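Here the structure is laid out as structure tokens; the discussion comes afterwards.
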There are 2 protein chains.
Amino acid sequence: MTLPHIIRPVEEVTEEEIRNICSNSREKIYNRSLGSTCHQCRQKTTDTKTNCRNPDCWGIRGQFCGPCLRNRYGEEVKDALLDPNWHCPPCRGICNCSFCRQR
Amino acid sequence: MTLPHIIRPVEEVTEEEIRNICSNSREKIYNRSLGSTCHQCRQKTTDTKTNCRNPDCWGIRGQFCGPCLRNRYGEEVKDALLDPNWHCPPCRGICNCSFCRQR
DNA sequence: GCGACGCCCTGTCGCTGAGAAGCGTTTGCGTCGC
DNA sequence: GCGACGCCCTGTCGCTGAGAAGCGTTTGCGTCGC
Ligand SMILES: [Mg+2]
Ligand SMILES: [Zn+2]
Ligand SMILES: [Zn+2]
Ligand SMILES: [Zn+2]
Ligand SMILES: [Zn+2]
Ligand SMILES: [Zn+2]
Ligand SMILES: [Zn+2]
């Protein structure tokens, strides 16, 4: 029951995907089917999340919303999506979410 | 895709289950459907395996065949099945299988 | 001390259930003679 | 050094793919006045 992690090439990031990056946590649209869960805030919403490009990454641990990457790590989702070598904070061992920081 | 770990009470261990404990690795009967995998030797066979009674155990990591528990840990499967508090070597942190010992 | 109301940077954790498995290439050792 | 054949305690590792996710109870702070 692990969601397959697919690495999206930087050249295939579209303008609509960039525009649908969340700019405020309260503006999110929840969808139990088409939404994607942010690893940090654990909300399943339809705004664009990051895509970890580490081949050894798995599941949703690499998916971060606009506000969460902005506020918890000082990184922009738009920059991460256009970064060919971007690795998620869990991959880098620097994730400060409520679960990863006690561990 | 994790096999549910069910704790079998000692009072419900039957005579047939005891008799079907493997006494020699070469006598095992392989069955891809009704067999059970031994965590140590990773063979899926129909001989009786151990049942870890630690509630926090999960999956097949607690299932050990007769010869493997006998040879790798000096414990008898019959004694382990009749032990109300028996915990698998992975739970005890003493598993010496090819995977757990490099880790 | 517990939570209101402004401020600026517009924000977060709890809980359950989660945490592989098994086919394939798989079976000890020591002392010999290839 | 690589693998045969006896011995006794009758035996084991490699590899792929595996390694949660998301609903619920969820949103910063400081300084006030309850
Ligand atoms: Mg799973
Ligand atoms: Zn988030
Ligand atoms: Zn990652
Ligand atoms: Zn984390
Ligand atoms: Zn075994
Ligand atoms: Zn166990
Ligand atoms: Zn092990």
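The analysis underlying the following values was restricted to heavy atoms, covering all of them including side chains, and did not include hydrogens, waters or symmetry mates. Chain naming here is simple, since letters A, B, ... match the order of the sequence lines and numbering starts at 1 in each.
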Could you state the atom-to-atom distance from [atom1] of [X] to [atom2] of [N] in whole Å?
{"X": "A:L3", "N": "C:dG19", "atom1": "CG", "atom2": "P", "answer": "12 Å"}
{"X": "B:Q63", "N": "C:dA20", "atom1": "CD", "atom2": "P", "answer": "14 Å"}
{"X": "B:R42", "N": "C:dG24", "atom1": "CZ", "atom2": "P", "answer": "15 Å"}
{"X": "B:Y73", "N": "D:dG11", "atom1": "OH", "atom2": "P", "answer": "15 Å"}
{"X": "B:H39", "N": "D:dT12", "atom1": "NE2", "atom2": "P", "answer": "13 Å"}
{"X": "B:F64", "N": "C:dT27", "atom1": "CZ", "atom2": "P", "answer": "20 Å"}
{"X": "B:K28", "N": "D:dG11", "atom1": "NZ", "atom2": "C1'", "answer": "11 Å"}
{"X": "B:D47", "N": "D:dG11", "atom1": "CG", "atom2": "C1'", "answer": "15 Å"}

Any strand counts, and the cut-off is 3.5 Å on both contacts for Watson-Crick or G-U wobble. Which nucleotide pairs with [N]?
{"N": "C:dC32", "value": "D:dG3"}
{"N": "D:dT25", "value": "none"}
{"N": "D:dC8", "value": "D:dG11"}

Tell whether [X] reaches the base of [N] with its side chain through a donor-acceptor pair below 3.5 angstrom.
{"X": "B:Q43", "N": "C:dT26", "answer": "yes"}
{"X": "A:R26", "N": "C:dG11", "answer": "no"}
{"X": "B:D56", "N": "C:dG17", "answer": "no"}

Work out how far the [atom1] atom of [N] is from that of [M], and round it to whole angstrom.
{"N": "C:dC8", "M": "D:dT27", "atom1": "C1'", "answer": "15 Å"}
{"N": "C:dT16", "M": "D:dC15", "atom1": "P", "answer": "41 Å"}
{"N": "D:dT26", "M": "D:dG22", "atom1": "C1'", "answer": "12 Å"}
{"N": "C:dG19", "M": "D:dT12", "atom1": "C1'", "answer": "27 Å"}
{"N": "C:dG1", "M": "D:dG30", "atom1": "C1'", "answer": "15 Å"}
{"N": "D:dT25", "M": "C:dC7", "atom1": "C1'", "answer": "28 Å"}
{"N": "D:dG14", "M": "D:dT10", "atom1": "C1'", "answer": "23 Å"}
{"N": "C:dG33", "M": "D:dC9", "atom1": "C1'", "answer": "26 Å"}

So for [N], where does the sugar sit by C1'-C2'-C3'-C4', north or south?
{"N": "D:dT25", "answer": "south"}
{"N": "C:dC5", "answer": "south"}
{"N": "D:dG30", "answer": "south"}
{"N": "C:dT12", "answer": "north"}
{"N": "D:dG28", "answer": "north"}

Which atoms form the tightest heavy-atom contact between [X] and [Y], and what is the distance?
{"X": "A:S25", "Y": "A:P67", "result": "N-CG, 3.8 Å"}
{"X": "A:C65", "Y": "A:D47", "result": "CB-OD2, 3.7 Å"}
{"X": "A:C41", "Y": "A:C68", "result": "CB-SG, 3.6 Å"}

Can A:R72 and A:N96 be counted as having a side-chain donor-acceptor contact under 3.5 angstrom?
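A:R72 vs A:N96: donor-acceptor pair found between side chains.
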If only side-chain N and O atoms count, and only distance matters, is there a donor-acceptor pair under 3.5 Å linking B:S33 with B:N31?
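Result is no, nothing qualifies.
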For DNA chain C, whose closest nucleotide is more 5', that of B:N31 or that of A:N96?
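It is A:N96, whose closest nucleotide lies nearer the 5' terminus.
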Find which nucleotide of DNA chain C each of B:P55 and B:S33 is nearest to by heavy atoms, and output the residue with the more 5' nucleotide.
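Result of the comparison: B:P55.
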Do B:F64 and B:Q40 come close enough that some side-chain heavy atom pair is under 4.5 Å?
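When only atoms from C-beta onward are counted, B:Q40 and B:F64 do touch, with a gap below 4.5 Å.
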Would you say the side chain of A:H39 lies within less than 4.5 Å of the side chain of A:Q63, judging by non-hydrogen atoms?
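No; the side chains remain at least 4.5 Å from each other.
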Under 4.0 Å between a side-chain N/O of [X] and OP1 or OP2 of [N], yes or no?
{"X": "A:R70", "N": "C:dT10", "answer": "no"}
{"X": "A:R72", "N": "C:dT12", "answer": "yes"}
{"X": "A:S98", "N": "C:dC13", "answer": "no"}
{"X": "B:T2", "N": "C:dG19", "answer": "yes"}
{"X": "B:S25", "N": "C:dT27", "answer": "no"}

Could you check which of C:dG22, C:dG11, D:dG22 has an atom nearest any side-chain atom of A:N71?
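In terms of side-chain proximity for A:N71, the closest of C:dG22, C:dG11, D:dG22 is C:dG11.
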Please tell me which of the listed nucleotides, D:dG11, C:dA21, D:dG22, lies nearest to the side chain of B:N24?
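Nearest to the side-chain atoms of B:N24, counting from C-beta on, is D:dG11.
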Whether B:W58 stacks on the six-membered ring of C:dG19 base, 5.5 Å and 30° limits
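B:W58 vs C:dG19: stacking yes.
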Determine, with a yes or no, whether D:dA20 stacks on D:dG19 under the 5.5 Å centre and 30 degree plane limits.
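No, D:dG19 and D:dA20 do not stack on each other.
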C:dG30 on C:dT31: ring centres under 5.5 Å and planes under 30 degrees?
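Ring centres under 5.5 Å and planes under 30°, so yes.
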Contact nearer the 5' end of DNA chain D, comparing B:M1 with B:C68
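Its nearest nucleotide being more 5', the pick is B:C68.
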Can you establish whether the number of heavy atoms outside B:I7 located under 6.0 Å from its atom CD1 is more than 12?
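Yes, CD1 of B:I7 has more than 12 neighbouring heavy atoms, counting only those of other groups under 6.0 Å.
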When we call it a touch if two heavy atoms are under 4.0 Å apart, what does A:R32 touch: a base, just sugar-phosphate, or nothing?
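The residue A:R32 makes sugar-phosphate contact but no base contact.
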Between B:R70 and B:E75, is there a side-chain N and carboxylate O pair less than 4.0 Å apart?
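Looking at B:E75 together with B:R70, the answer is no, because their closest N to O distance does not fall below 4.0 Å.
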